[PDB]
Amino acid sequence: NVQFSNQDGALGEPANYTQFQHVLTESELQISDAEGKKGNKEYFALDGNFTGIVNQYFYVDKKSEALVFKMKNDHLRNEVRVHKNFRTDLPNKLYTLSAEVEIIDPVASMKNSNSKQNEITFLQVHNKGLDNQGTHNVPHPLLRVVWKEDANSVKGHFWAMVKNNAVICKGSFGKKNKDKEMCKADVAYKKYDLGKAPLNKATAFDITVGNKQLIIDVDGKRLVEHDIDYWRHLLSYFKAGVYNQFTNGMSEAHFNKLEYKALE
């Protein structure tokens, strides 16, 4: 049901913008049908060919040349997914996602939200599983970089939400773990305050995974340096865009820059 159109030239087509071409070649698009049903998502450019992949939710702004990701409704998404499923535990192999991002009027996006979370996730490190096929996938990402509306009265900061073990804590395969100490919100996740999100300007994020480390630089400052030995068996991958943890509004993220690099 996802439809593609540049609105007769109103919207720039991402594959035609040189600064995004290489990360698109390395990725596919995973995007919800915004008129569709909760949780739905569809995959495009499975081979990294983004020719003609553009619409009102995924496009390059012709004036700013920002790569724009939008999506509406709770738990729908719109994300570039870098194909490499990499090991996170090897000393000679480091994988880096570099973005400059501005979240556009996030307060308005959430003005009608009935969610207790009220987050926009715009960068992720997820796990594929034990192998490239997703065997024993853990349904929790290693990392969500979010814009969070209100974290105990701290308004509008970026946060890194870090899964701090490899334990399935929800769903069909978490029934035995759900109520254990390991699956408590305070144990299963480590939260890093990445500072106030500014309006009208971009913030640089550099996420480096490998050598049993999750590293995050924010505007060039090292804010996360987290050992992930516990994650060593899980092949992992990058996503960037938007994924909604709020109800009844439209999220909007502008990427001035989005690059992927593997150092082996």
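Note that residue numbering follows the sequence shown and begins at 1.
Mean CA B-factor, 235-243 versus 39-47: the higher value falls on 39-47. Higher mean CA temperature factor, per the PDB entry, when comparing 93-101 with 168-176: 168-176. Take 143, 146, 185, 82 and read off each C-alpha B-factor from the entry; 185 has the highest. For the set 190, 87, 136, 126, the PDB entry assigns the largest Cα B-factor to 190.
Looking at the C-alpha B-factors along this chain, the one for residue 217 belongs to the middle third. Among all modelled residues in this chain, the alpha-carbon of residue 119 has a temperature factor (C-alpha) in the lowest third.
Sort the modelled residues of the chain by CA B factor and residue 63 lands in the highest third.
Annotation for residue 151: C-alpha temperature factor in the highest third relative to the rest of the modelled chain, per the entry. In this PDB entry, residue 253 carries a Cα temperature factor that places it within the lowest third of its chain's modelled residues.
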